């Protein structure tokens, strides 16, 4: 699954980041980062899901999560 995050896409991301050249070793180093990012956020949102005794992670659970990770997001109510 993490491999589903393709080089083409990782490349696209870099590009928006203003990156002109990329060392091959970057795609894997990148996924690890993305994995850790999601784990942190998802762990927190799902915790909110349990506290609310639901089996569905809601956009708000994520929003709250992000807020906690110090990464406020706009466009979903939080």
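Numbering follows the first chain given and starts at 1.
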* To do: Tell me which of 51-59 and 12-20 has the higher mean C-alpha B-factor in the deposited entry.
  => 51-59
* Structure fact -> Split the chain's modelled residues into thirds by Cα B-factor; residue 45 lands in the middle
* To do: Select lowest, middle or highest to describe the third in which the CA B-factor of residue 73 falls within its chain in this entry.
  => lowest
* If you rank the chain by CA B-factor, which third does residue 33 end up in: lowest, middle or highest? -> lowest
